[PDB]
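Residue numbers for the sequence shown follow the entry's author numbering, beginning at 1 and rising by one.
Ideal placement from N, C-alpha and C gives every residue a C-beta, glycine not left out.
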Amino acid sequence: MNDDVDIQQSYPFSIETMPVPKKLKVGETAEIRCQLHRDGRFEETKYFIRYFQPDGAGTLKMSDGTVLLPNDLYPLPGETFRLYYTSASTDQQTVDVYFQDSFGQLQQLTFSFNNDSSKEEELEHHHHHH
């Protein structure tokens, strides 16, 4: 009848992000390089960024200096954007980022910072460097 499935055969944009630090400290800042791949370009197409943090803390600033609040909603300056996340928690920093496109495509990237595979010293990489 309707199925809530809008018939549009378009190319879903891919955002290439650099592998972020898997462990973070309080005061540590992750440089999230993001490159949005979309052929052509856009037509007054603004992207809207908002992220939910089950953690509770963490300063996420845009490369342009714009401080991003999780409860707020900011427009992206383009396809080439970078995010500087300063982790301010001693927990597992869980940041679920939503990139909303004007055409109605939602791109969510859930980042888990400061994870642990256990076996802290059991992984014998005993040679530490300066």
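Run the CB neighbour count on residue i, radius 10 Å, all protein chains shown included, and call it buried at 16 or more, exposed below.
| i | result |
| --- | --- |
| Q35 | exposed |
| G65 | exposed |
May I have the straight-line CA-CA distance separating residue i from residue j, to the nearest angstrom?
| i | j | result |
| --- | --- | --- |
| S10 | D101 | 13 angstroms |
| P77 | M1 | 39 angstroms |
| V5 | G104 | 12 angstroms |
| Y98 | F13 | 13 angstroms |
| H128 | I7 | 56 angstroms |
| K23 | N115 | 6 angstroms |
| residue 133 | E79 | Within the shown structure, residues of the chain are numbered from 1 to 130, placing residue 133 beyond reach of any answer. |
Reducing DSSP to helix, strand and coil, say where residue i ends up.
| i | result |
| --- | --- |
| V5 | coil |
| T94 | strand |
| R38 | coil |
| residue 167 | An answer regarding residue 167 cannot be provided, because it is not within the stretch 1 to 130 covered by the chain. |
Is the distance from the Cβ of residue i to the Cβ of residue j below 7 angstroms?
| i | j | result |
| --- | --- | --- |
| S112 | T94 | yes |
I think residue i touches residue j, with their Cβ atoms under 8 angstroms apart; what is that distance to the nearest whole Å?
| i | j | result |
| --- | --- | --- |
| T17 | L109 | 7 angstroms |
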